[PDB]
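A.B. asks: Take a look at work.csv, CSV, C-alpha atoms:
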```
chain,number,residue,atom,x,y,z
A,1,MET,CA,63.4,184.9,10.2
A,2,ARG,CA,65.3,187.1,12.8
A,3,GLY,CA,65.3,188.4,16.4
A,4,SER,CA,67.3,187.5,19.6
A,5,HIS,CA,68.7,189.2,22.8
A,6,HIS,CA,70.9,188.3,25.8
A,7,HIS,CA,73.3,190.1,28.3
A,8,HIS,CA,74.5,189.6,31.9
A,9,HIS,CA,77.4,190.7,34.1
A,10,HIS,CA,78.0,190.9,38.0
A,11,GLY,CA,80.5,191.1,40.9
A,12,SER,CA,83.9,192.6,41.8
A,13,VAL,CA,86.8,191.5,44.2
A,14,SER,CA,90.0,192.9,45.8
A,15,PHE,CA,93.0,191.4,47.9
A,16,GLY,CA,94.6,194.2,49.9
A,17,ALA,CA,96.9,191.8,51.8
A,18,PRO,CA,100.6,191.9,50.7
A,19,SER,CA,103.5,190.1,52.6
A,20,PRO,CA,106.6,192.4,52.7
A,21,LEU,CA,109.9,191.6,54.5
A,22,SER,CA,112.7,194.1,55.6
A,23,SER,CA,114.1,192.4,58.9
A,24,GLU,CA,117.5,191.2,57.5
A,25,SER,CA,120.5,193.3,56.2
A,26,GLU,CA,123.4,190.7,56.1
A,27,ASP,CA,123.2,190.4,60.0
A,28,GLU,CA,124.0,186.6,60.1
A,29,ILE,CA,125.6,186.2,56.6
A,30,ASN,CA,129.1,186.9,58.1
A,31,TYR,CA,132.5,186.7,56.2
A,32,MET,CA,132.3,190.4,55.2
A,33,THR,CA,135.9,191.5,56.2
A,34,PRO,CA,138.0,188.3,57.0
A,35,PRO,CA,141.7,188.8,58.2
A,36,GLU,CA,143.9,188.0,55.1
A,37,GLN,CA,147.2,189.4,53.6
A,38,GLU,CA,147.7,187.2,50.5
A,39,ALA,CA,145.7,185.9,47.5
A,40,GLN,CA,148.2,183.4,45.8
A,41,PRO,CA,149.7,181.2,48.6
A,42,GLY,CA,152.4,178.7,47.7
A,43,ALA,CA,154.7,179.5,44.7
A,44,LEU,CA,158.0,178.7,42.9
A,45,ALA,CA,160.6,180.6,40.8
A,46,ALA,CA,162.3,179.4,37.5
A,47,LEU,CA,165.9,180.7,37.0
A,48,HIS,CA,168.6,181.2,34.4
A,49,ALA,CA,171.4,178.6,34.6
A,50,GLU,CA,174.4,180.5,32.9
A,51,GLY,CA,175.8,183.9,31.9
A,52,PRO,CA,175.3,187.3,33.8
A,53,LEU,CA,171.7,186.2,34.8
A,54,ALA,CA,172.9,182.9,36.5
A,55,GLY,CA,170.5,182.3,39.5
A,56,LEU,CA,168.2,185.2,38.5
A,57,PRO,CA,164.5,184.9,37.5
A,58,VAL,CA,162.9,184.2,34.0
A,59,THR,CA,159.4,185.9,34.6
A,60,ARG,CA,157.7,188.7,36.6
A,61,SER,CA,156.2,185.9,38.8
A,62,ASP,CA,159.7,184.4,39.3
A,63,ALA,CA,161.1,187.9,40.2
A,64,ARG,CA,158.2,188.6,42.8
A,65,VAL,CA,158.7,185.1,44.3
A,66,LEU,CA,162.5,185.7,44.5
A,67,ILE,CA,162.0,189.1,46.2
A,68,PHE,CA,159.5,187.7,48.7
A,69,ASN,CA,161.4,184.4,49.6
A,70,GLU,CA,164.8,186.2,49.7
A,71,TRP,CA,163.4,188.9,52.0
A,72,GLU,CA,161.4,186.3,54.1
A,73,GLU,CA,164.5,184.3,55.0
A,74,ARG,CA,166.9,187.3,55.3
A,75,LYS,CA,164.3,189.1,57.5
A,76,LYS,CA,163.8,186.0,59.6
A,77,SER,CA,167.5,186.5,60.4
A,78,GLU,CA,167.3,190.4,60.1
A,79,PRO,CA,163.9,191.7,61.4
A,80,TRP,CA,164.6,195.4,60.2
A,81,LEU,CA,164.7,194.5,56.5
A,82,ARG,CA,162.6,196.5,53.9
A,83,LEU,CA,160.3,195.0,51.2
A,84,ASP,CA,159.1,196.6,47.9
A,85,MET,CA,157.6,195.0,44.7
A,86,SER,CA,156.6,197.9,42.4
A,87,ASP,CA,157.4,197.5,38.6
A,88,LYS,CA,160.5,199.8,38.9
A,89,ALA,CA,162.0,197.4,41.5
A,90,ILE,CA,161.8,194.5,39.0
A,91,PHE,CA,163.2,196.7,36.1
A,92,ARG,CA,166.1,198.0,38.2
A,93,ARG,CA,167.1,194.7,39.9
A,94,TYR,CA,166.3,192.5,36.7
A,95,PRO,CA,167.0,194.6,33.5
A,96,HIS,CA,166.1,191.7,31.2
A,97,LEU,CA,162.5,191.7,32.7
A,98,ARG,CA,161.7,195.3,31.5
```
Give the structure from the file, written as structure tokens.

C.D. replies:
Amino acid sequence: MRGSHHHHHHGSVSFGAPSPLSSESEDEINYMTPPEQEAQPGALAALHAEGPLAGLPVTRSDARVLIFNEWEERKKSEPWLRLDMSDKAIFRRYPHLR
């Protein structure tokens, strides 16, 4: 024995209603360009205790802190004083640090 048939389909739908937003471009986020001149505040310097380096720095951090603190106190007494921290300054002042 054989013989059968069925089929059905109907309908179609759409939703043309998106929700975009473009009304904000960091206008209230703030803190874009804050007034700062340092990025490692508070420091110390380790020193040599004897020989031709007595009272002179052990590291590149110690040498930069010495230049900055020496100049800050000297220049607090002497407001004309110059300041420079390029690698050649550290080599030329502290020949062991090169």

A.B. asks: Excluding same-chain residues fewer than 6 positions from residue 94 in chain A, what lies within 9 Å of it counting only C-alpha atoms, as number ranges by chain?

C.D. replies: A: 53, 56-57, 63

A.B. asks: Considering all atoms listed in the file, state which residue in the set A:59, A:19, A:69, A:25 is at the smallest distance from residue 42 in chain A.

C.D. replies: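 Ranking A:59, A:19, A:69, A:25 by distance to residue 42 in chain A, first place goes to A:69.
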
A.B. asks: Would you compute the distance between CA of residue 51 in chain A and CA of residue 95 in chain A? Give it in Å to one decimal.

C.D. replies: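 So the answer is 13.9 Å.
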
A.B. asks: What does the distance between CA of residue 49 in chain A and CA of residue 72 in chain A come to in Å, to one decimal place?

C.D. replies: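 CA of residue 72 in chain A lies 23.2 Å from CA of residue 49 in chain A.
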
A.B. asks: So what do you get for CA of residue 80 in chain A versus CA of residue 96 in chain A, distance-wise?

C.D. replies: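 About the pair CA of residue 80 in chain A and CA of residue 96 in chain A: they are 29.3 Å apart.
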
A.B. asks: Is it possible to get the residues within 12 Å of (162.1, 196.9, 48.0) (coordinates as in the file, counting all atoms listed in the file) written as a PyMOL selection string?

C.D. replies: chain A and resi 63-64+66-68+70-71+81-93

A.B. asks: Leaving out range 28-41 of chain A and any residue of its chain fewer than 2 positions from it, which residues lie within 12 Å of it when counting only C-alpha atoms, given as a PyMOL selection string?

C.D. replies: chain A and resi 23-26+43-44+61+64-65+68

A.B. asks: Quick one: of A:7, A:75, A:50, A:97, who's nearest to residue 62 in chain A, counting all atoms listed in the file?

C.D. replies: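 The closest residue to residue 62 in chain A is A:97.
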